Amino acid sequence: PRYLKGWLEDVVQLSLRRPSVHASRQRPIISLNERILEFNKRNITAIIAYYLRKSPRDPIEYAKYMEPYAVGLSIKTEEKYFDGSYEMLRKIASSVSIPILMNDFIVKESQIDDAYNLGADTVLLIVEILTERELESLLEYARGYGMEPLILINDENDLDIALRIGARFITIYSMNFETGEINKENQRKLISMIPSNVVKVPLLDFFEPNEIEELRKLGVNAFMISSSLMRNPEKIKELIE
C-alpha cells in the first residue's frame, strides 16, 4: 500500500498485519455486479444497503430486513475504527442469500482469501491507498475467485487509474477520508466520465426522489445507501416500489 496519514495509516498498518482466517467457504459466489446488471435489464432499482457499526442496529437483523429488497449488502469488516468483524461477515453470508460486499481496507492478497473463505461475494479496493501495480495485482487476484471487485474512487486521478487497469465495477465516493464527507458535485462529474460498460455505484448518505432519477439518467447502475437506511430501513421498500 502507500504511506498515508492519520487514522487511515493506522488502518493500513493493521490490515497489513491482519491474520488470515482458517474458515473455508460455505456456499457459491452470488455475483454482485452481475446481479446489478440483471436488475438493470429487468427495471428493478438496484440498492446496495450499507451497514456499518461505527466510523472514525443489529447487523444480522439489518441484513435479514434488507434481503428481500437490496441488490447486495455492504458489510464493514475493519475492526478498530468501524467495529466490524470477520465472524459477523460469516454469519451474515450464512444467513441471507443475496450478494455480500466485504467493505474493508484491502492491502494484501490474504484479505481477499479471507473474503472468499468467509462467504463474501466481492471486495472493495481503494485506489487512494494502493499503487497502480498493487491495484492491478489485487484486481486480477479477486477475479481469480470470480469476484469483480468494487473499485473506490474519490477524484479524477483515482478514476483514471481505475480505467488504466481495466476496472469494470466502480463506486464513486468522492470522499475526503479525513472528514468522512462526500462531495456530491464531484460525484456527479465523475459519474459522467465513467464509460457505459463499467457498472457504476455512487455512495449516498441521503437521497431525494428527484436525485435518484437524475442520477439514473446519468447512467448509474446501482446506489449504495448508508445513513438514510440506517435511520429508516423501510425506505428501501419505497425505492424498490
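Residues numbered from 1 in each chain as written, not as in the entry; some residues may be left out. Heavy atoms only, no water. Residues with missing side-chain atoms left out of burial classes, pairs and counts.

The record lists X-ray crystallography as the method behind this PDB entry and 1.1 Å as its resolution.

Labelled according to the PDB entry, the protein appears under the name INDOLE-3-GLYCEROL PHOSPHATE SYNTHASE, originating from Sulfolobus solfataricus. One UniProt comment on the protein, placed under Subunit, says "Monomer." (UniProt positions renumbered as here; feature names shortened; annotations may be inferred.)

S.K.: Honestly, the packing of aromatic side chains in this entry has me stumped. Any pointers?
M.R.: Given two aromatic rings, one states the distance between the centres and the angle between the planes to describe the pair. Under the defined criterion, the tally for this structure stands at 7 aromatic pairs. Ring geometry for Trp-7 versus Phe-105: centroids 5.9 Å apart, planes at 85 degrees, classification edge-to-face. When sorted by exposure, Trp-7 lands in the same class as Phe-105, which is buried. A ring pair is formed by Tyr-116 and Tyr-145, whose centres lie 4.3 Å apart and whose planes are at 15 degrees; its orientation type is stacked. Pair noted here: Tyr-116 is in helix α5 (residues 109-118) and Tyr-145 is in the loop between α6 (132-144) and β5 (150-153), with a separation of 29 residues, a long-range link. An aromatic cluster of three or more residues is present, and its members are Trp-7, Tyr-81, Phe-82 and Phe-105. Above the plane of the ring of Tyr-86 lies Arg-18, whose end atom (NZ or CZ) is 3.8 Å from the centre. Against the face of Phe-82 rests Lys-76, its NZ or CZ located 4.3 Å from the ring centre. (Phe/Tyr/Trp six-rings, centres within 6.5 Å; stacked < 30°, edge-to-face > 60°. Buried < 20%, exposed > 50% of the residue type's maximum accessible area, 1.4 Å probe, protein only. Helix = DSSP H or I, 4+ residues; strand = E, 2+ residues; numbered from the N terminus. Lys NZ or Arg CZ within 6 Å of the ring centre and 35° of its normal.)

S.K.: When you look at the side chain of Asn-103 in this model, what are you seeing that I'm missing?
M.R.: Relative to the elements of secondary structure, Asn-103 occurs in strand β3 (residues 100-103). Residue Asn-103 is classed as buried on the basis of its relative accessible area of 0%. Only 3.4 Å separates the side chain of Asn-103 from the side chain of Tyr-173, close enough to count as a polar contact. When sequence neighbours within four positions are dropped, the list of residues in contact with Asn-103 reads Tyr-50, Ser-74, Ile-75, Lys-76, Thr-77, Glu-78, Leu-124 and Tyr-173. (Polar contact = N/O pair within 3.5 Å; in protein donor to acceptor, adjacent residues only side chain to side chain. Contact = heavy atoms within 4.5 Å.)

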